[PDB]
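Written out below as C-alpha cells is the structure these notes cover.
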Amino acid sequence: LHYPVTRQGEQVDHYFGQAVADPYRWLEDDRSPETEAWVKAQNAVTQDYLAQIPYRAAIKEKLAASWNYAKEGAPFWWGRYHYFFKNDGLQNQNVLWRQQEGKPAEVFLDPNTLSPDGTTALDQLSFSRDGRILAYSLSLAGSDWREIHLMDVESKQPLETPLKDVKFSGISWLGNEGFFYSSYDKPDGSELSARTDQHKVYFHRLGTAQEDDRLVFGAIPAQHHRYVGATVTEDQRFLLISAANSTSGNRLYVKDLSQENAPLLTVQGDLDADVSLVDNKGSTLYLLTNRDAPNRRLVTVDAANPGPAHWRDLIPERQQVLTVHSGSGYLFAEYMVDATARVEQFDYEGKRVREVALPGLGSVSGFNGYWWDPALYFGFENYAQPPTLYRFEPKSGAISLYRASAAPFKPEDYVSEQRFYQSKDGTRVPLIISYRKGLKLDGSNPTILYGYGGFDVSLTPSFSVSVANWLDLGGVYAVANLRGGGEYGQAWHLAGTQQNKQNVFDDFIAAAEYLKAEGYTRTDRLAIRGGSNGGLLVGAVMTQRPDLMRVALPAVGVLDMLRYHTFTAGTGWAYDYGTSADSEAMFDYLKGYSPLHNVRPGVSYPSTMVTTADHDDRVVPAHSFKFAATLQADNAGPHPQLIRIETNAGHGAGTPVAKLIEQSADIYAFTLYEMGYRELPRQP
C-alpha cells in the first residue's frame with residue numbers, strides 16, 4: 001500500500017527554552033485546502049485497503065440484521081401526554097412519540113425528517129411549566145455546538161427563530177416566561193478548533209430576539225469560567241448556578257427567586273470539590289458532593305446560609321461510590337460495587353426504606369422523576385443483557401416488567417466474568433471478560449481489550465449490539481476498570497492524573513498480560529481499543545509497547561499532549577493531564593508519554609486504524625491527523641497504519657445508526673484481517 005505524501009513543515013515550538021519540532025503543524029488548519037485534500041487522500045487509501053477484505057460486507061450485513069429490532073425508552077409524562085422514544089429498528093435517530101388517554105400513540109418529533117443523512121440529532125428536551133411550549137436543542141453533524149428550537153406543543157408548529165452559539169448547555173424554564181441556557185461567543189476563526197474559555201448563562205424571554213437575552217452569569221471578570229450552568233428547581237423557588245474551569249471541581253451559587261431581587265449566595269466558593277444539587281424541599285438543599293468525601297456523600301443545608309461550614313450529612317460517605325437520584329418523593333442511592341450497581345431507597349429525612357433488588361449484575365438507568373410521579377421506571381443491562389425496562393411503585397416497592405428487550409441476543413449464550421488482575425505496582429484492577437459459552441483457554445481467541453482510564457469515569461457494564469456481534473463472531477471482549485477512572489472514588493481517579501498518568505498505561509498493559517497468561521488470547525490475536533481519553537490510552541500503549549498487541553484502535557484520541565490545551569475547550573482537561581505550560585516537570589512528563597512525540601523511526605508498529613471525525617470539536621481531528629502522519633512516516637514494519645475520517649460526524653454522541661454500523665464493520669473486518677483470518681471464525 002502507498003500512503004498519501006505528507007509534507008513536513010519547519011515549525012518548531014519551544015517549552016521553557018527547549019525546542020520541539022512539529023512537522024505536521026499545518027494539519028492543525030482544518031479549513032485549508034491542503035488539509036482537506038490530505039483527508040480525502042487518506043480516506044481513499046483506507047477504503048481501498050478495506051475493500052480487499054473478503055468478509056467485510058458479511059460483517060456489515062450481520063450487524064445490520066441483528067440491530068434491526070424494535071427499541072423503546074421509558075415513558076415520561078408532561079401536560080396531557082405521555083412521551084416516549086422509539087426506533088422500529090434501523091432508524092438513524094430515535095423518534096419521539098406521545099400519547100394521551102383514549103387515543104392511539106402518534107409521532108411527535110422525528111429527527112430523521114430534519115436532515116438528508118440523519119446527521120442532525122436531538123439533544124436536550126425541556127417543556128415550559130404549563131406544558132404548552134417545548135424548547136429542544138439540536139446538534140448538526142455531531143459537533144458540540146447547539147441550536148435551541150422552540151415549538152408549540154399542541155399544534156407542533158415552530159415558534160420564533162432558533163437560538164445559536166449554544167454549547168454544553170441545559171435548558172431550564174422559569175415558569176412560562178422563558179429559559180436559562182449557556183453559550184460561548186462565536187469564536188473568530190474556525191468554530192471547530194478555536195479556543196473557547198468564557199461560558200455565559202443567558203435568559204431567553206419568549207417573544208424577543210436572542211440579541212436581547214439577559215446575561216445572567218459569566219460576563220464580568222469575577223465570573224469568568226470555562227463551564228457554567230443554570231437550573232431552576234422543580235418548585236420554581238431557586239436558581240442554581242454552577243461554574244467550573246476543569247472537568248473536576250466546581251463552584252455553586254443559589255438565588256432565592258421567591259424573594260424580589262435576592263442576592264447570589266455561595267454554596268461552594270472554591271473548586272476543591274464537586275458539588276451538585278439533587279433536589280430541594282422548601283429552603284432545604286440536598287447536595288451530592290465529594291468535599292471531604294472521596295466516595296461522595298449526600299448533605300443538606302438551608303438556602304439562606306448554604307456555605308460548606310453548614311452542610312450536614314444526610315447519607316454519610318461509605319466505602320462504595322455514591323450517586324443519588326430522586327423521584328416520587330424518595331431519594332435513590334445508587335452504589336457502585338466493583339463497577340456494578342446496587343440501589344437503596346431513602347426518604348428525605350435520610351431514613352432507609354429498603355434496598356431495591358436489581359435483575360442481576362450490571363448497570364441501571366432511571367429512578368428519576370418528579371415528586372408527584374405515581375411510578376418510576378428503571379432500565380437494566382450488562383454486556384450480555386440487552387436493555388430491559390421495569391416499572392417501580394416507590395411506596396409498596398413493587399417491581400414489574402414494563403418492557404422486555406426485542407433483541408435477537410440470548411443472554412444465556414454468553415459468559416461475562418469479573419476478575420481482578422495485578423498491575424505493576426501490585427494494585428488489583430477489575431476486568432470484565434465476555435464471550436460465547438464454550439470458549440477454550442488455548443490462547444487463540446481473537447480478543448479486544450478496551451479501556452478509558454480517566455476523568456472519574458466509571459466503565460460499568462453496558463449492552464452494545466456491536467460488541468454482542470464481536471462475541472457471536474467468536475471474539476472475546478474485555479473491559480478494564482483502570483485507575484484514573486471513578487470506580488473506587490476520588491483516590492482511584494487521582495492515582496491516574498497528571499504525573500501519575502503512567503499508572504493508567506501500566507494498568508492497561510497488565511490487563512493485556514493477564515489475558516494472555518490466562519489463555520484467553522495471545523499476542524497475534526490481541527487488539528486494544530479506546531476512545532477520547534481512551535484514544536490517548538491506546539496511543540501511549542502502542543508507542544511504549546508496540547510488541548504487546550497485533551492491532552491498535554485509537555478512536556478520536558487526544559494524541560498531541562503538548563498542544564491539546566490550545567484547542568476548543570481542551571484546557572478543561574488540565575486537572576487530569578496537567579499542561580506543558582505548568583512547569584518543566586509537567587512538560588517533561590507529558591513529552592515522556594505523548595503518543596505523537598513517542599513514535600520513532602525504525603520501529604515496527606502493530607496494524608493500526610486511527611479513527612476520527614471532521615466535526616469533532618471536543619477533541620480536534622488534528623490530534624489523529626498528526627499522529628497518523630507520523631506513524632506512516634516512521635513505521636518500518638509491514639503492518640498498515642491507516643486513518644479513517646468519518647464525515648459529518650463528531651466526537652460520538654448522536655451518530656446515526658447507519659454510520660455506527662459502517663464503523664463497526666470496518667473496525668471488526670480490519671481487526672480480523674490483520675490477525676490473519678482468511679474466513680470468518682464463525683458462521684455469520
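Read the figures in this text as sums done on the coordinates, not as results from a lab. Note that we place each Cβ from the backbone using ideal geometry, even for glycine, and neighbour counts take in every protein chain shown.
Counting every pair of alpha carbons in the stretch 70-406, the share spaced more than 35 Å apart comes to 25 percent. When peptides 637-650, 344-357 are sorted by average Cβ neighbour count within 10 Å, with the highest value leading, the order is 637-650, 344-357.
Straight-line reach only, C-alpha to C-alpha below 19 angstrom: list the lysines that residue 410 could link to, leaving out same-chain residues fewer than 8 apart. Partners found: 62, 71, 437.
Simple rule: put +1 on each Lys or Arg Cβ and -1 on each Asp or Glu Cβ in the chain, find the dipole, and look at 493, 77, 432; the Cα lying farthest toward the positive end is 432. In a fully extended conformation the segment linking residue 412 and residue 65 would gain 122.9 nm over its present Cα-Cα distance, using 0.36 nm per residue.
Dipole check for the chain: with +1 at the C-beta of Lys and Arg, -1 at the C-beta of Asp and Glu, and the Cα centre as origin, the magnitude is about 1480 Debye.
Placing unit charges on the Cβ atoms only, positive for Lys and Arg and negative for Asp and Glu, gives the stretch 215-367 a dipole magnitude near 120 debye about its Cα centre.
P(r) for the stretch 12-144, from all Cα pairs and a bin width of 5 Å, is 2, 7, 10, 12, 12, 12, 10, 9, 8, 7, 6, 3, 1, 0, 0 %, short bins first. Taken about its Cα centre, the stretch 70-406 carries a charge dipole of roughly 540 debye when the Cβ of each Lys and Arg holds +1 and the Cβ of each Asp and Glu holds -1. Ordering 93, 397, 202 by Cα displacement along the dipole of the stretch 70-406 toward the positive end leaves 397 in first place; charges were set at the Cβ atoms of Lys, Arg (+1) and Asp, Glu (-1).
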